[PDB]
Structures are given as C-alpha cells and as structure tokens.
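Student: Residue numbers (the authors' numbering), protein chains in the order written: chain F, 19 to 102; chain B, 25 to 102; chain A, 39 to 134; chain E, 39 to 135; chain C, 15 to 120; chain G, 14 to 119; chain D, 28 to 121; chain H, 29 to 121.
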Amino acid sequence: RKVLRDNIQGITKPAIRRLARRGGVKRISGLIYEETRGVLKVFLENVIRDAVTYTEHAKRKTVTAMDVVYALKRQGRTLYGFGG
Amino acid sequence: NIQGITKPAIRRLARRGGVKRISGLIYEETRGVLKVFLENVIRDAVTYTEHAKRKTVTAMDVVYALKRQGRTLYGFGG
Amino acid sequence: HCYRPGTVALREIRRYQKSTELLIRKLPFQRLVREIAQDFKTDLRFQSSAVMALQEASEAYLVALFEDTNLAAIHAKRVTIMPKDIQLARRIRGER
Amino acid sequence: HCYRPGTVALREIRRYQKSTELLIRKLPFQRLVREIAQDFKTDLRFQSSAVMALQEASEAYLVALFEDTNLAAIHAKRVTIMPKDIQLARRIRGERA
Amino acid sequence: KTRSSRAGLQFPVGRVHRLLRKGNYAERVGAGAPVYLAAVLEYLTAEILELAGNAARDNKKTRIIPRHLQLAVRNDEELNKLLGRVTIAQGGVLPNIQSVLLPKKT
Amino acid sequence: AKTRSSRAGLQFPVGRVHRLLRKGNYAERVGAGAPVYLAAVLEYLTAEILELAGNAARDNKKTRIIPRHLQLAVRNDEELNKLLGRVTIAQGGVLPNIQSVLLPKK
Amino acid sequence: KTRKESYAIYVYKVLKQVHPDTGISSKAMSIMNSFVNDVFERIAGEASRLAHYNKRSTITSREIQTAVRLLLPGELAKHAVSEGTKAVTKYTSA
Amino acid sequence: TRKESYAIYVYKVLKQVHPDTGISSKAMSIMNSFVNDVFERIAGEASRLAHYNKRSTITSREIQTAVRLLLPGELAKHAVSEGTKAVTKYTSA
DNA sequence: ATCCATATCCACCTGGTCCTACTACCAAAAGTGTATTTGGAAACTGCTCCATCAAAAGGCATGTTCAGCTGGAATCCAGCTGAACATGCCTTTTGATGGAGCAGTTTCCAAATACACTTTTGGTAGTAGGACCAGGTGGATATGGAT
DNA sequence: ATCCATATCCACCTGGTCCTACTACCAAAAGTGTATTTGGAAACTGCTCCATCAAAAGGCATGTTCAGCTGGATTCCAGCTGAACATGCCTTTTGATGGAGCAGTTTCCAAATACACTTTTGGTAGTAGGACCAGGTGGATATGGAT
Ligand SMILES: [Cl-]
Ligand SMILES: [Cl-]
Ligand SMILES: [Cl-]
Ligand SMILES: [Cl-]
Ligand SMILES: [Mn+2]
Ligand SMILES: [Mn+2]
Ligand SMILES: [Mn+2]
Ligand SMILES: [Mn+2]
Ligand SMILES: [Mn+2]
Ligand SMILES: [Mn+2]
Ligand SMILES: [Mn+2]
Ligand SMILES: [Mn+2]
Ligand SMILES: [Mn+2]
Ligand SMILES: [Mn+2]
Ligand SMILES: [Mn+2]
Ligand SMILES: [Mn+2]
Ligand SMILES: [Mn+2]
Ligand SMILES: [Mn+2]
Ligand SMILES: [Mn+2]
Ligand SMILES: [Mn+2]
Ligand SMILES: [Mn+2]
Ligand SMILES: [Mn+2]
Ligand SMILES: [Mn+2]
Ligand SMILES: [Mn+2]
Numbered sequence: 019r020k021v022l023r024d025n026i027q028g029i030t031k032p033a034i035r036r037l038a039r040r041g042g043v044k045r046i047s048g049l050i051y052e053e054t055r056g057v058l059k060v061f062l063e064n065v066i067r068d069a070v071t072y073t074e075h076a077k078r079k080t081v082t083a084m085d086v087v088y089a090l091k092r093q094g095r096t097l098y099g100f101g102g
Numbered sequence: 025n026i027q028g029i030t031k032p033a034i035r036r037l038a039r040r041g042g043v044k045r046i047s048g049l050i051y052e053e054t055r056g057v058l059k060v061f062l063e064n065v066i067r068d069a070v071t072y073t074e075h076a077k078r079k080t081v082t083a084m085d086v087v088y089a090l091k092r093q094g095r096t097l098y099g100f101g102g
Numbered sequence: 039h040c041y042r043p044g045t046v047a048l049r050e051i052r053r054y055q056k057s058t059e060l061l062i063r064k065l066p067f068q069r070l071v072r073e074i075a076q077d078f079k080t081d082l083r084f085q086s087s088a089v090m091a092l093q094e095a096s097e098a099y100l101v102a103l104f105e106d107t108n109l110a111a112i113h114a115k116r117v118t119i120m121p122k123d124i125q126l127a128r129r130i131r132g133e134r
Numbered sequence: 039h040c041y042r043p044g045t046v047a048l049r050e051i052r053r054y055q056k057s058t059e060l061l062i063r064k065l066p067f068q069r070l071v072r073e074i075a076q077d078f079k080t081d082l083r084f085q086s087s088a089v090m091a092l093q094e095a096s097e098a099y100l101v102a103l104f105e106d107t108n109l110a111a112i113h114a115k116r117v118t119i120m121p122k123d124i125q126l127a128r129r130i131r132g133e134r135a
Numbered sequence: 015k016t017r018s019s020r021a022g023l024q025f026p027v028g029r030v031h032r033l034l035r036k037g038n039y040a041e042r043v044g045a046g047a048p049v050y051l052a053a054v055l056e057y058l059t060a061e062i063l064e065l066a067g068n069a070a071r072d073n074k075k076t077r078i079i080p081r082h083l084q085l086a087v088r089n090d091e092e093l094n095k096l097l098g099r100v101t102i103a104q105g106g107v108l109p110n111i112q113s114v115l116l117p118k119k120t
Numbered sequence: 014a015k016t017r018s019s020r021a022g023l024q025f026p027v028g029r030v031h032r033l034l035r036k037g038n039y040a041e042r043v044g045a046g047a048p049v050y051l052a053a054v055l056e057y058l059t060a061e062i063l064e065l066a067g068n069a070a071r072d073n074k075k076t077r078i079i080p081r082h083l084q085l086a087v088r089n090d091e092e093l094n095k096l097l098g099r100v101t102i103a104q105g106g107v108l109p110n111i112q113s114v115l116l117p118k119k
Numbered sequence: 028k029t030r031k032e033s034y035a036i037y038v039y040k041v042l043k044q045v046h047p048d049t050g051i052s053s054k055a056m057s058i059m060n061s062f063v064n065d066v067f068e069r070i071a072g073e074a075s076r077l078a079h080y081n082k083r084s085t086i087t088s089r090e091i092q093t094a095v096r097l098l099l100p101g102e103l104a105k106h107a108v109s110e111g112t113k114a115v116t117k118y119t120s121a
Numbered sequence: 029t030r031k032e033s034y035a036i037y038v039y040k041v042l043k044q045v046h047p048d049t050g051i052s053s054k055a056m057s058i059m060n061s062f063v064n065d066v067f068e069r070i071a072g073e074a075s076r077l078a079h080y081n082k083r084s085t086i087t088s089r090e091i092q093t094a095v096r097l098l099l100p101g102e103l104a105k106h107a108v109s110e111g112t113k114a115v116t117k118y119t120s121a
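(1) By how many angstroms is the C-alpha of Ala21(C) removed from the C-alpha of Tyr50(G)?
(2) Could you say if the stretch 51-67 of chain C and the stretch 51-71 of chain D meet the contact criterion of at least three C-beta pairs nearer than 8 angstroms?
(3) So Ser88(D) packs on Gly67(C), CB below 8 angstroms; how close in whole Å?
(4) What are the uninterrupted segments assigned as alpha helix (DSSP H) that are 4 or more residues long and contained completely in the stretch 81-122 of chain A, given in chain order?
(5) From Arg42(C) to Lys31(D), what distance separates their C-alpha atoms?
(6) Excluding the 5 residues preceding and the 5 following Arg128(A) in the sequence, name in chain order all residues of the same chain whose CB lies nearer than 8 angstroms to its CB.
(7) Between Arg45(F) and chain E, is any beta-carbon pair separated by less than 8 angstroms?
(8) Consider the C-beta atom of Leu82(E) and the heavy atoms of ligand 5; say whether any pair is separated by less than 7 angstroms.
(9) Are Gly28(C) and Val115(D) touching if we call contact CB-CB under 8 angstroms?
(10) Indicate, with yes or no, if ligand 2 has a heavy atom lying under 7 angstroms from the CB of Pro32(F).
(11) Looking at the C-beta of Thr107(E), does it have a partner C-beta in chain C at a distance below 8 angstroms?
(12) For chain C, find out if any of its Cβ atoms is closer than 8 angstroms to the Cβ of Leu97(F); answer yes or no.
(13) Does DSSP put residue 121(F) in a helix, in a strand, or in coil?
(14) Could you round the C-beta distance between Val81(F) and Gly102(F) to whole angstroms and report it? I think they count as a contact, below 8 angstroms.
(15) Is it the case that the Cβ atoms of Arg69(E) and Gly56(F) are separated by a distance below 8 angstroms?
(16) Do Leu85(C) and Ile62(C) have their C-beta atoms within less than 8 angstroms of each other?
(17) Is any beta-carbon of chain F found at less than 8 angstroms from that of residue 17(D)?
(18) Going by Cα to Cα distance, which pick from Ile130(A), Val117(A), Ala75(A) and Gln85(A) is closest to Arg39(B)?
(19) Where does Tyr98(B) fall in DSSP's three states?
(20) Just to confirm, are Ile74(E) and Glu74(F) a CB contact at a threshold of 8 angstroms?
(21) Tell me the residue span of the beta strand (DSSP E) that contains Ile102(G).
(22) From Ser57(E) to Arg81(C), what distance separates their C-alpha atoms?
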C-alpha cells in the first residue's frame with residue numbers, strides 16, 4: 019500500500035470540460051476547474067461518510083453499492099441502477 | 025382576492041427579505057408565486073381533510089401538508 | 039422633499055427585519071385561502087390556527103424567495119429585483 | 039484558424055449532450071474515492087459497483103450543477119461560466135447557505 | 015387461482031402484501047391494499063415502458079436501454095416531476111442548448 | 014420504585030419515548046436501551062436550543078423566551094441552522110442582514 | 028444462496044403487453060426494479076403516515092388511494108386511482 | 029382526551045439551563061414541535077437502519093448510528109456521548 | 001455566391017457482447033380452510049369553536065406629482081480563453097491468483113414479549129394570584145442632507 | 001464646516017394580556033413480578049469477489065502557441081420607481097349569537113389475525129445457443145467560413 023495524495027487533481031481539466039459540455043456550457047473561465055474540484059470534494063465527502071457509516075454499522079469492512087444507494091437516498095439524490 | 029394581497033404588503037415582504045428597489049412588474053409575479061404555493065399546500069391539506077372524513081381543515085392538516093412539501097412548520101402542533 | 043431615494047427603503051429593511059409580525063393583512067389572505075380551497079372541495083371551513091399557519095408558511099416562503107431573488111438581481115450587477123430574478127431563483131431551486 | 043472560437047464548443051455540447059458515457063476517467067476517480075474514504079476510516083474495501091455508483095451520482099450532480107451555473111452566467115449577460123456563478127447556484131439551492 | 019388473476023393484474027398481489035407487512039408500515043394490512051398498490055405500480059410500469067419503448071423506436075433500436083428510460087422520463091412532464099429528485103444511471107441528459115449560445119449574424 | 018428516566022439520570026420520559034417507539038411502527042421489537050439513548054439525545058438538544066435561546070433572551074433585555082429568541086438562537090448557530098435548515102419557526106422573523114452593495118455611499 | 032426477489036418478471040410481462048417486439052437491457056431492467064421498489068416505498072410510507080395521523084392501525088385500500096393522490100401528479104394520479112379502484116372491485120367481486 | 033406534550037420536561041430542562049428565565053406559550057409549542065420532529069427523524073433513520081440489515085429490533089446502536097447520520101459534527105459527538113452516558117448509568121442502576 | 005479543409009451521415013459488415021432458452025430442483029411463497037379476535041364504522045349527541053353580523057375607529061391602501069438615480073444601451077480594448085498541434089504517459093484491457101471477508105448454517109441464551117396486578121402521574125379544569133412587557137411620554141441626541 | 005428637520009434612543013410608567021402556584025379527579029400510563037418465546041450473537045467455514053500484479057498499447061492528457069472575441073471598464077441619458085401627501089376605502093376588532101360538526105361514547109359485525117396443510121412458483125445454477133448493436137470502413141453529403 020502506497021499513501022494516496024492529491025488525487026483530486028486526477029479530476030482533470032478535460033474531464034471538467036466534458037462535464038460542463040454535457041451541461042450545455044460553451045465558455046469556461048480558467049478559475050472554474052479548481053472551483054469544481056472543491057465542490058466535488060464536498061460532494062463525495064458527504065456521501066462516502068454516510069456510506070461508510072452504513073458499512074461500519076453492519077460491522078463490515080467492504081463498502082457495498084447498497085451503502086452508496088442508501089447514503090445517496092438520505093442525501094436526497096436517490097440513484098436508480100445499482101440495487102435497492 | 026389575489027389582488028387583495030396588495031403592492032404595499034408585497035413591498036414589506038420584500039423589505040424583510042432585504043430588497044431595496046422593486047420593479048413595477050414584481051407584484052404580479054409575486055401574486056402568481058404565492059398562488060402556486062397556496063395551491064399545492066392547500067391541495068395536500070384538503071386531501072388530508074377529505075381522508076379524515078371531515079369538513080373542517082385543521083391546523084394539523086396544514087402542518088402535515090407543509091411537511092410533505094418539504095417545508096415543515098413549528099408551532100401549530102406535531 | 040427631504041430624503042434621497044433608497045434611504046427610507048433601507049429604514050424599512052431594518053424596521054421589518056427587526057420585527058416578526060405578519061405582513062399581509064389577515065382578512066384578504068383568509069379570503070384567498072378560502073377561494074383557493076373552494077376549487078378542491080366545497081363548503082369547507084377552516085380552523086383559525088390552520089389559516090394562521092398557512093400565513094406563517096406563506097410569508098416565510100416569500101421572504102426567503104425575496105432573499106434569493108435579491109441575490110439574483112445583485113448577480114447581474116443590479117439593485118432592483120425584476121421578474122427574471124424571481125424566475126431564476128425558482129428555476130435554480132427546482133420549483134419552476 | 040479553421041473554426042471560429044465557439045464552434046467546436048457547440049459541437050462538443052451536442053456530442054456529450056447526446057451520449058451517456060462517464061466523463062471522468064475511471065481509475066483517477068477510484069483513487070479519489072479511496073482517499074476520501076481512507077481519511078474517514080482506514081482499512082476499507084469497495085465493491086466495484088459502489089465506486090461506479092459514486093461515479094454516476096457525482097457526474098450527474100456535477101452536470102446538473104453546470105446547468106444551473108450556466109443559467110447563472112447567462113443571467114449576468116455572460117457566455118462564460120465563472121466561480122461566482124457556481125457559488126450563486128449552490129447558494130440558491132441551499133447547498134452552501 | 016392467484017390473487018393477481020383474481021384482480022386482473024400481472025403484478026404479484028401476494029408479494030405486495032407480504033412486503034407491506036414486512037416493512038411494518040402499520041400493524042395490520044387490509045386485503046385490498048396490496049391489490050390496489052400492485053395495480054398502481056403496474057400502471058406506472060406500463061406508462062414508463064410505453065414512453066421508453068417509443069424512445070427506443072425513435073432511435074431505431076429494439077432493446078430498451080437506460081438512455082430510453084431517461085428520454086421517456088425527462089420528456090414526460092408528469093413522470094419528470096415524479097422522478098424529479100432521481101438520477102437514472104447511464105441515462106444522460108436531454109439535448110438542450112440555451113438559445114443565446116447559438117451563433118447569429120454571420 | 015424509581016422511574017426509568019431517574020435511573021438514567023434524565024429529565025425526559027424514558028417510558029414515554031419507549032411507548033412511542035412501539036406505537037410508531039419503527040420496528041417489531043424495541044430494545045430497553047434505545048428509549049434511554051433517544052430520550053437522552055432529545056434532552057440534550059432541548060438543552061442546547063434553550064441555552065442559546067436564553068442567551069438571546071437576556072441579550073434582548075427580556076426574561077422569558079419568545080419565538081423571536083428561538084429563531085435568533087437557531088439561525089445564529091451554524092449546526093442548529095443546518096439541523097433546522099428546512100423548518101420554519103412561526104413568529105421567528107429573519108436575521109438582520111443587509112447586502113453590503115445596497116448600503117449608502119455607492 | 029439466499030434468494031433475491033425482484034419485479035423483473037412482471038416488468039417483462041407488462042413490457043411484452045405494450046411493445047411486444049421490444050426487449051429490455053439488464054441495466055434498464057435494473058432501473059425499472061429500482062423504480063418499482065422506490066414508488067412502492069413512497070406510497071406505503073405516505074399511507075403509513077396517513078394511518079398514523081388518523082389513529083388507525085390498518086392500512087386499507089383507502090389509505091393507498093389517498094397516498095396516491097398525495098404523491099402522484101395530476102393525470103398519473105387520476106389514471107392510477109382508476110386502475111386501482113377497478114382492480115379492487117374486480118378482486119372483491121369474486 | 030389526554031393530549032400529550034413534552035412541555036413539562038422541556039420546562040424542567042430550561043430550569044436546569046436558565047433557572048431565572050421563562051418561556052411563552054407559542055415558543056413552548058415550537059419546542060414541542062422540535063422534539064417531535066427530531067424524534068421522528070432519529071426513529072425513522074433507525075427503522076431504515078434495522079430494515080437494511082434484516083434486523084427486527086431497534087437497539088441503542090441503531091439510535092446511535094442514526095444520530096451520527098442526522099446530526100452535524102459537534103452536535104453528533106455531544107449527543108452520542110450523552111446517549112452512551114445515559115445508557116451506561118441506566119445499565120449500572 | 002464559389003471553393004475547400006473538415007465534419008457528419010449512412011449503408012454495409014462482423015466480432016463477440018448481450019440476451020434468451022431448456023432442464024432440474026426446492027425452499028420459500030402463496031393459496032385454502034377453520035377458528036378466534038377486534039378495529040373501527042355507524043348512530044347518537046355534547047359542547048367547542050367557527051361563520052356571520054353589527055358598527056364604529058382609523059389604519060393603511062391608492063392615486064398623484066416630481067425628479068433622483070438606476071438600468072441598459074453604445075464604445076473601446078486588454079488579455080483571457082478556445083482551437084490546433086506534437087509528444088508521450090498512464091489509463092484501459094485481458095488474464096490470473098491468493099486470500100480477506102461476506103454470508104450460509106446450526107447452537108443457545110440473554111433479552112424482549114406477553115399478562116396480571118399495583119402504583120403513580122400527567123393531563124384537564126376551576127378558581128385565583130401575579131408580573132413581564134407592549135405601548136406611550138419626555139426629552140436627549142444622532143443623522144441624512146441642503147447650504 | 002453650519003445647522004435645520006426627522007429619525008432614533010433611553011428612562012420611566014402602567015394596564016393587561018399572560019405566565020406560574022395551588023387544589024381536585026382519574027383514566028391511563030408506567031412500573032413490577034414471572035413465565036414463555038425468540039432474535040440474533042458465536043462459532044465454523046463455504047465461496048464470492050476484492051486487491052493486486054503483469055504486460056501491452058493507444059486514447060487522451062499535458063503543455064505550448066496564437067489570436068478571436070469576450071468581459072469589463074467607461075460614459076451617458078431616458079425613464080422607471082421611490083418619497084411624500086391627500087383621500088377615504090375597508091381591514092380590524094370585539095361582542096355575541098346560531099349552530100356546524102368535531103369529537104367522545106357505546107354497539108356490533110365484516111374483516112383481519114392465528115394456525116395448519118397443501119400446492120404452486122419464482123429464483124438459482126448448469127449448459128447451450130441465437131441476435132442486437134457497437135465499432136470500423138468507405139463513400140456521399142453537409143457545414144462552417146475564407147474569399
Ligand atoms: Cl423581468
Ligand atoms: Cl468569479
Ligand atoms: Cl437496546
Ligand atoms: Cl382494504
Ligand atoms: Mn489520507
Ligand atoms: Mn456473426
Ligand atoms: Mn373495540
Ligand atoms: Mn432630472
Ligand atoms: Mn449604473
Ligand atoms: Mn489584442
Ligand atoms: Mn509508449
Ligand atoms: Mn477467512
Ligand atoms: Mn402530578
Ligand atoms: Mn390575578
Ligand atoms: Mn418599548
Ligand atoms: Mn452631517
Ligand atoms: Mn401594575
Ligand atoms: Mn432464532
Ligand atoms: Mn505529457
Ligand atoms: Mn461584450
Ligand atoms: Mn349537529
Ligand atoms: Mn416457473
Ligand atoms: Mn455504429
Ligand atoms: Mn456554407
């Protein structure tokens with residue numbers, strides 16, 4: 019195991035550009051990308067937490083797709099396609 | 025009726041919201057928004073009243089309706 | 039005259055931000071509620087607490103919508119709220 | 039020089055708006071997930087479908103956010119989305135407050 | 015004879031019943047509640063599968079994929095409002111460009 | 014002998030929240046410790062809201078709490094404001110907040 | 028191996044009724060499963076709250092109906108209430 | 029009809045908190061609505077918890093996890109310590 | 001309006017994915033039949049509180065005038081951001097493996113349920129006492145703003 | 001800077017809407033004693049699938065150049081909208097009366113539960129075999145945009 023660091027920069031400028039395109043965005047300022055990462059960090063942090071809170075309650079060490087579905091649902095962004 | 029909610033009242037509501045200057049067309053748009061809000065809430069509340077086999081809309085019907093609309097209200101039961 | 043435009047407007051922003059009273063006259067709001075309810079069921083009567091609750095929730099909703107509306111007007115480098123600001127706020131909120 | 043600034047952007051809007059593929063590379067997103075999760079609780083494992091679910095949710099949320107943001111930019115008479123647009127959107131939808 | 019046939023339904027009345035009491039929504043569950051609920055669920059599935067099948071026919075496809083379910087949901091105002099806070103995996107987005115972003119005057 | 018809330022050192026009724034957990038159709042069985050825990054948490058949150066509301070009350074030169082004081086307490090505390098982010102306190106009003114670009118002198 | 032029930036059989040029947048020459052993908056069928064389970068939980072939850080509000084211990088077809096009216100929008104609510112009523116009258120007619 | 033409420037208990041906690049302050053009737057009703065609201069939230073989250081794991085009992089563990097899922101950070105930690113403390117005193121009683 | 005560098009569209013095609021199809025089995029699900037229990041509909045009706053007047057009182061909405069200052073249009077231009085390119089890297093893909101850990105199965109007891117019975121208490125209801133504070137008054141002084 | 005005209009605030013005062021104390025009653029809530037049932041924790045281990053490695057290669061990220069045009073700054077002015085009056089409409093109130101109907105009570109039965117047997121079936125797994133579509137090609141057409 020190697021320490022995991024600075025993986026938010028793995029969300030690349032081209033990827034954020036594609037996500038913005040799917041959003042119908044035409045012109046993107048240079049300061050958007052970092053901003054996006056920030057927002058993205060707040061999103062995952064809030065779902066993953068709840069996810070592992072389920073995983074830890076079931077005395078499990080493996081996060082299931084169902085834990086993600088329950089966390090997303092309790093966050094109000096319920097997701098179809100992965101069970102439940 | 026919907027015109028009974030006057031422009032001065034809409035102004036006071038907007039000032040509590042921290043608004044300084046108000047367009048002349050704001051008042052009609054506001055009456056429409058308020059009418060939609062009351063239409064949804066009152067619709068669900070009257071659904072609750074009918075299910076209870078009653079003819080008097082209670083404060084608890086409004087509270088339940090508001091809660092399921094995602095706008096829970098403290099101070100009228102529940 | 040005396041005061042320049044926008045001064046007593048600020049004065050009333052402070053006045054109504056300090057208080058908690060309801061801002062729409064009771065009777066016209068009650069008539070509106072009864073008219074809107076008449077379309078869904080006839081010969082309906084209301085507990086006074088139900089009407090007052092509807093008014094609390096309504097004026098709260100409208101005050102918040104004017105907060106976000108004012109923010110929308112300021113985003114476009116303006117001070118006057120306009121219908122398109124209310125529309126933008128309601129669309130972002132997920133109501134429109 | 040062949041295409042005026044903006045044409046290829048509209049072409050890309052049609053391309054990605056027509057398809058459903060994920061737009062963030064899979065492995066970097068997986069590393070990000072394992073980092074965020076590793077900071078909450080060590081020695082965690084993931085089902086592959088849990089990471090793919092986090093992928094789907096994240097990209098859907100970000101796309102919708104970019105739509106509301108684009109509306110924020112256009113509301114200011116701008117074609118270019120800017121951080122103030124994202125902050126206005128997230129503030130209106132009660133995500134930041 | 016199953017209760018589904020007894021009610022003229024394809025959806026399982028017995029399963030909806032057992033699920034209604036298994037999820038402790040109340041102490042007791044009347045006999046008509048799973049019939050009504052299975053009927054409603056069946057109607058909704060029929061609606062979305064109709065609109066989605068049309069979406070697949072429009073794209074010259076014979077097998078419905080999530081893209082067709084998304085196209086059906088987001089183009090039907092009522093289904094879109096019903097699933098307003100739901101995201102369909104691999105559903106994508108509706109093609110929509112804001113008019114101001116389009117070119118004009120050469 | 015002695016009430017369950019007294020044995021738990023609580024002011025909130027353990028037996029009542031136990032009975033309510035039973036009748037609320039939350040689960041088929043309710044352990045003996047769950048009402049103790051829940052009653053304790055409710056008592057703590059009540060203590061927090063009443064504490065901050067009391068501070069607002071003394072700051073407003075008053076001795077008994079009004080809805081305005083509850084609103085000031087909730088909306089000025091970040092975590093209580095997040096917990097009550099979707100609830101409306103009747104007769105609470107709003108916090109004094111004027112956008113800076115609306116003040117005098119441009 | 029514990030059995031994992033699903034609505035896929037019934038979704039497939041109602042699929043061959045509406046579009047007889049149209050199949051459905053594994054993913055799309057999964058989305059349909061999540062949809063049926065979701066709507067199920069929403070209906071039964073609103074009905075649970077309904078019975079609790081009115082201090083009844085039984086969930087009847089009536090609570091399911093009021094829950095449908097509270098949950099589904101306009102036309103979907105009307106047609107759903109229609110099909111439900113038809114199904115329970117046909118059921119009790121036997 | 030016996031109309032139950034959290035009024036007397038909330039008032040007693042108020043006396044433990046601010047012994048010289050009172051509370052209005054409408055504020056009291058707001059407090060009651062708040063206690064009922066948090067009750068329904070924690071109990072519902074706990075019910076969903078026990079259901080997700082195919083369990084038939086709501087234990088103090090379910091209530092705790094639901095508290096971690098509902099309350100913000102510091103409020104969650106404080107509420108958790110209060111709960112485990114009350115359960116510890118109730119057990120050794 | 002003509003001509004070119006590119007993108008787009010379509011018919012055709014094929015790999016190998018995605019789906020479907022039988023056979024087989026069975027544990028769980030579902031249906032059927034009797035017996036027992038009971039939730040809650042129905043009928044009655046007491047009393048809470050809701051609708052409707054009556055009827056001044058004057059609070060506040062409405063119409064109007066004037067002009068301040070704001071929104072929006074018109075110009076200019078720096079430098080931000082899109083488009084294209086050359087390079088090469090690290091993600092994607094295919095296949096394999098050890099073994100962690102999820103989960104199926106059986107045992108067994110602490111802990112919850114079910115009931116009877118006693119005790120305690122919180123809620124309702126009068127009747128009565130008390131007091132925090134909203135609203136008003138004087139008078140000081142800070143403030144928006146015109147000179 | 002001077003100072004006029006309001007707005008604003010602090011000290012004080014008092015009626016009254018409104019809060020706590022105290023007494024009485026009682027259904028129901030809560031506790032306790034005890035006897036039965038059982039959820040699910042422990043222990044064991046089958047079997048899924050997760051982490052990890054290896055290698056090959058090309059899709060796509062990175063970093064750079066160049067300039068088109070967008071945002072932002074500036075200026076200006078037509079015209080909306082705010083601020084103050086003058087009316088006088090119609091909310092507010094409060095006092096009180098019907099009486100609608102909410103809500104408490106008692107009956108009583110259609111329906112729901114509990115239990116036991118029997119039949120059905122939907123799901124899993126093993127094995128085997130079609131077909132819809134993704135990706136690739138090649139040419140025809142369509143499009144941006146320079147001229
Ligand atoms: Cl507008
Ligand atoms: Cl910005
Ligand atoms: Cl417990
Ligand atoms: Cl029924
Ligand atoms: Mn870390
Ligand atoms: Mn072939
Ligand atoms: Mn009974
Ligand atoms: Mn002028
Ligand atoms: Mn300006
Ligand atoms: Mn230049
Ligand atoms: Mn290489
Ligand atoms: Mn092992
Ligand atoms: Mn007592
Ligand atoms: Mn007195
Ligand atoms: Mn005062
Ligand atoms: Mn001055
Ligand atoms: Mn006095
Ligand atoms: Mn067992
Ligand atoms: Mn490179
Ligand atoms: Mn421009
Ligand atoms: Mn009557
Ligand atoms: Mn079969
Ligand atoms: Mn193709
Ligand atoms: Mn052309």
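Cβ atoms here follow ideal geometry from the backbone N, Cα and C, with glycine treated the same way.
Tutor: Once the coordinates are examined:
(1) To locate residue 50(G), count along the sixth sequence from 1; it is residue 37. To locate residue 21(C), count along the fifth sequence from 1; it is residue 7. Looking at the two C-alpha atoms, the distance is approximately 46 angstroms.
(2) yes
(3) Residue 88(D) sits at position 61 when you count from the first residue of the seventh sequence. Residue 67(C) sits at position 53 when you count from the first residue of the fifth sequence. With 8 angstroms as the limit, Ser88(D) and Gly67(C) do not qualify as a contact, their Cβ atoms being about 30 angstroms apart.
(4) 86-113
(5) For the purposes of this step, residue 42(C) is identified with residue 28 of the fifth sequence, where counting begins at 1. For the purposes of this step, residue 31(D) is identified with residue 4 of the seventh sequence, where counting begins at 1. C-alpha separation (whole angstroms): 25 angstroms.
(6) As a first step, residue 128(A) must be located in the third sequence, where it is residue number 90. Closer than 8 angstroms at Cβ, skipping near neighbours: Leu103 and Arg134.
(7) Numbered from its first residue, the first sequence carries residue 45(F) at position 27. For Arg45(F), the answer is yes, since a Cβ of chain E falls inside 8 angstroms of its Cβ.
(8) The residue labelled residue 82(E) in the question sits at position 44 within the fourth sequence. No, since every heavy atom of ligand 5 falls outside the 7 angstroms radius drawn around the Cβ of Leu82(E).
(9) In the fifth sequence, the residue the question calls residue 28(C) occupies position 14. In the seventh sequence, the residue the question calls residue 115(D) occupies position 88. In this structure, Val115(D) does not lie closer than 8 angstroms to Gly28(C) by Cβ.
(10) Working through the first sequence from its first residue, we reach residue 32(F) at position 14. Because no heavy atom of ligand 2 lies under 7 angstroms away, the Cβ of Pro32(F) does not count as near it: no.
(11) For the purposes of this step, residue 107(E) is identified with residue 69 of the fourth sequence, where counting begins at 1. It does not; no Cβ of chain C falls within 8 angstroms.
(12) What you label residue 97(F) is simply residue 79 of the first sequence in a count that begins at 1. Yes, its Cβ sits closer than 8 angstroms to a Cβ of chain C.
(13) Given a span of 19 to 102 for chain F in the structure shown, any question on residue 121(F) remains unanswerable.
(14) Reading the first sequence from its first residue, position 63 is the one you call residue 81(F). Reading the first sequence from its first residue, position 84 is the one you call residue 102(F). The pair is not a contact, with the Cβ atoms about 15 angstroms apart (cut-off 8 angstroms).
(15) Indexing the fourth sequence from 1 puts residue 69(E) at position 31. Indexing the first sequence from 1 puts residue 56(F) at position 38. Not closer than 8 angstroms, so no.
(16) Looking up residue 85(C) in the fifth sequence gives position 71. Looking up residue 62(C) in the fifth sequence gives position 48. No, the pair does not count as a contact, with Cβ atoms beyond the cut-off.
(17) Missing from the structure shown is residue 17(D); chain D here goes from 28 to 121 and no further.
(18) On the second sequence, residue 39(B) is found 15 positions in, with the first residue counted as 1. Cα-wise, what sits closest to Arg39(B) is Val117(A).
(19) Taking the second sequence and counting its residues from 1, the one referred to as residue 98(B) is at position 74. If DSSP states are grouped into helix, strand and coil, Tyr98(B) belongs with the strands.
(20) Translated into positions along the fourth sequence, residue 74(E) becomes position 36. Translated into positions along the first sequence, residue 74(F) becomes position 56. Taking 8 angstroms as the Cβ cut-off, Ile74(E) and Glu74(F) do not qualify as a contacting pair.
(21) The sequence position of residue 102(G) within the sixth sequence is 89, counting from 1. Taken as a continuous stretch (DSSP letters only), the beta strand (DSSP E) holding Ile102(G) covers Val100 to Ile102.
(22) The residue given as residue 57(E) occupies position 19 in the fourth sequence. The residue given as residue 81(C) occupies position 67 in the fifth sequence. Their backbone Cα atoms lie some 8 angstroms apart in a straight line.
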